[PDB]
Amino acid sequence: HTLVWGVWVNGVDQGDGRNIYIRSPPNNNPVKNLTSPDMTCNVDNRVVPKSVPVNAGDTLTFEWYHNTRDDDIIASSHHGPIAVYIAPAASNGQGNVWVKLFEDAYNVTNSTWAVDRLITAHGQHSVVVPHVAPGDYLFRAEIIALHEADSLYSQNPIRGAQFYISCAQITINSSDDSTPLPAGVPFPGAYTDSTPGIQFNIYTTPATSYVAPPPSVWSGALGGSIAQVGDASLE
């Protein structure tokens, strides 16, 4: 159970984004139904009044939280991967539009899942804004918690992989559009019951064997990481 509080750009807090520039759902409950429209931008997908201005090469940092800002972030039981996608705002997330900018699942040398590291990072994980066409975008951050993903939701609706999905309205101002945005995938649609990484048993299978759901990260993606960039408590 987790939600996005807001974002930072180049290490500078853009302020509380909830229902402002984040298309916030009313609570931190997971989405589980892979075929639901809720998979796109969670259960209250609508245009919110602000969109965060950025330029290509900027560092865009999502900040997540559990109940209050900079708390325990997400329950440590929720081991799983983290991905970030982008689509043009004109789509409203419909169609084959989502392009993957970041993937992190399991890190063998630290023996930590992405979620484990997110907690350590005070909820913060980042992407570098790519050289796409200037305009309005949705950046869709997705945490998948696997602690009940030995079952499929389609078969047993009280279990299944849990998706914490958040869409930020982002305006890209300065960019040379030298890596124009390619073909992406649909949500809902990309993840099905057979997709690698959707059904997995974290209690018996080694994490080193885990493969995250495709698609793979776009070659045009400029970077990213799970790591605290800013100290919320200083505000």
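We number the residues from 1 along the sequence you see.
K.L.:
Output the stretch having the higher mean C-alpha B factor in the entry; the candidates are 95 to 103 and 119 to 127.
P.N.:
Higher mean C-alpha B-factor in the PDB entry: 95 to 103.
K.L.:
Comparing 212 to 220 with 14 to 22, where is the mean C-alpha B-factor higher?
P.N.:
Going by the record's values, the stretch with the higher mean is 212 to 220.
K.L.:
Highest recorded C-alpha temperature factor, please, choosing from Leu34, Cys41, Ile202, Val54.
P.N.:
Going by the entry's C-alpha B-factors, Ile202 comes out highest.
K.L.:
Of the options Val48, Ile172, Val185, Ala168, which has the highest CA B factor as deposited?
P.N.:
Highest C-alpha B-factor among the listed options: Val185.
K.L.:
Test of reading the entry: by CA B factor among the chain's modelled residues, which third contains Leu60?
P.N.:
Its C-alpha B-factor, which the entry lists for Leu60, ranks in the lowest third among residues of this chain.
K.L.:
Name the third of the chain's ranked CA B-factors that contains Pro88, choosing lowest, middle or highest.
P.N.:
Answer is middle: the recorded C-alpha B-factor places it there.
K.L.:
Would you please rank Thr192 by its C-alpha temperature factor against the other modelled residues of its chain and give the third it falls in: lowest, middle or highest?
P.N.:
Within its chain, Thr192 is a middle-third residue by C-alpha B-factor, going by the deposited values.
K.L.:
Consider only the C-alpha atoms of the modelled residues in this chain, order them by B-factor as the entry records it, and name the third containing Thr2: lowest, middle or highest.
P.N.:
Lowest third of the chain for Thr2's C-alpha B-factor.
K.L.:
Would you check the entry's CA temperature factor for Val108 and let me know if it's in the chain's lowest, middle or highest third?
P.N.:
Highest third of the chain for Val108's C-alpha B-factor.
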